[PDB]
Ligand SMILES: [Zn+2]
């Protein structure tokens, strides 16, 4: 099965998922000097005030904080998007060391981690239908650098010991994802894909320019998670990031000068 090891990592994924070599794969390097300011891009609208978190799950590749997406409660709109996209889950990608971990890069710079807030286009009715469409998902990507702690991340960090291994889940209600956002919503945007198999080319990527700061202690606790299940040999959940993929015939647009 696919993963992030030497024998099943990103360079192998194309054998089971040929779209891995497709025309709009993610992540990508964001060349800040080549990204063009697009004055027709609108400000992002992130409306998370009624968000209903439910559960946190170790799925063997990351941990997902899942939300109730059966109603328009936490939605992303505006920016490059047409229509309304409902928050379904967030997760992170991170490194074994502070010098790597992000999926997107900025002028080849790798951040310590990257948060993905995953939303699906309500015009397709559910997430499974949305991923079959070129405009089915909108993922808000936020870089993490190591410095001061992020207070709004700590509730996530403190439950991780209860979902150490693949397949474990825990109740995770009343979590407010507004506490994970930076001050500015300036962003880059481009058409791309899921960054894990099945690598479907269904994502409008919206990557915020401003990173959030998290503490060394916070990210160290991410790195104590396991890819393996309980009672299997321990393999630390680290370096669960796909490297940058060819940009091909795409333009990255900036919302800001
Ligand atoms: Zn992701």
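In the entry's author numbering, the protein residues as written are 4 to 125, 127 to 261.
Just so you know, even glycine gets a beta-carbon here, dropped at the ideal spot from N, CA and C.
Evaluate residue i with the Cβ neighbour count: other Cβ atoms within 10 Å of its Cβ, from every protein chain shown; 16 or more gives buried, anything less gives exposed.
i, result
"residue 249", "buried"
"residue 205", "buried"
"residue 114", "buried"
"residue 60", "buried"
"residue 182", "exposed"
"residue 170", "buried"
"residue 178", "exposed"
"residue 208", "buried"
"residue 191", "buried"
"residue 188", "exposed"
"residue 69", "buried"
"residue 193", "buried"
"residue 40", "exposed"
"residue 253", "exposed"
"residue 105", "buried"
"residue 154", "buried"
"residue 73", "exposed"
"residue 119", "buried"
"residue 255", "exposed"
"residue 136", "exposed"
Indicate whether residue i and residue j have their beta-carbon atoms separated by less than 8 Å.
i, j, result
"residue 221", "residue 186", "no"
"residue 96", "residue 65", "yes"
"residue 176", "residue 58", "yes"
"residue 82", "residue 259", "yes"
"residue 20", "residue 201", "yes"
"residue 161", "residue 225", "yes"
"residue 48", "residue 24", "no"
"residue 54", "residue 76", "yes"
"residue 33", "residue 211", "yes"
If residue i sits next to residue j, beta carbons under 8 Å apart, how far is it from one beta carbon to the other, in whole angstroms?
i, j, result
"residue 86", "residue 125", "7 Å"
"residue 151", "residue 217", "4 Å"
"residue 30", "residue 107", "4 Å"
"residue 242", "residue 98", "6 Å"
"residue 238", "residue 230", "6 Å"
"residue 117", "residue 90", "In fact, because the Cβ distance is near 17 Å, the residues do not count as touching under 8 Å."
"residue 43", "residue 78", "Not quite, the Cβ-Cβ distance comes to about 22 Å (not below 8 Å), so this is no contact."
"residue 172", "residue 38", "Contact doesn't hold; Cβ gap of about 40 Å is too wide."
Cutting at 6 Å between CB atoms, please list the residues of its own chain near residue i, excluding the five before and the five after it.
i, result
"residue 156", "183, 184"
"residue 174", "59, 163, 166, 167"
"residue 67", "60, 92, 94"
"residue 198", "204"
"residue 261", "40"
"residue 101", "115, 150"
"residue 251", "31"
Sorted by chain position, which residues of the same chain lie with C-beta nearer than 8 Å to residue i's C-beta, five sequence neighbours on each side aside?
i, result
"residue 134", "123, 124, 128, 140, 141, 206"
If I measure Cβ to Cβ from residue i and keep anything under 7 Å in the same chain, skipping five residues before and after, which residues do I get?
i, result
"residue 45", "81, 82"
"residue 71", "55, 57"
- Which residues have a Cβ closer than 6 Å to any heavy atom of ligand 1, listed in chain order? Taking every residue with its beta carbon within less than 6 Å of a heavy atom belonging to ligand 1 gives, in chain order, 94, 96, 119, 199.
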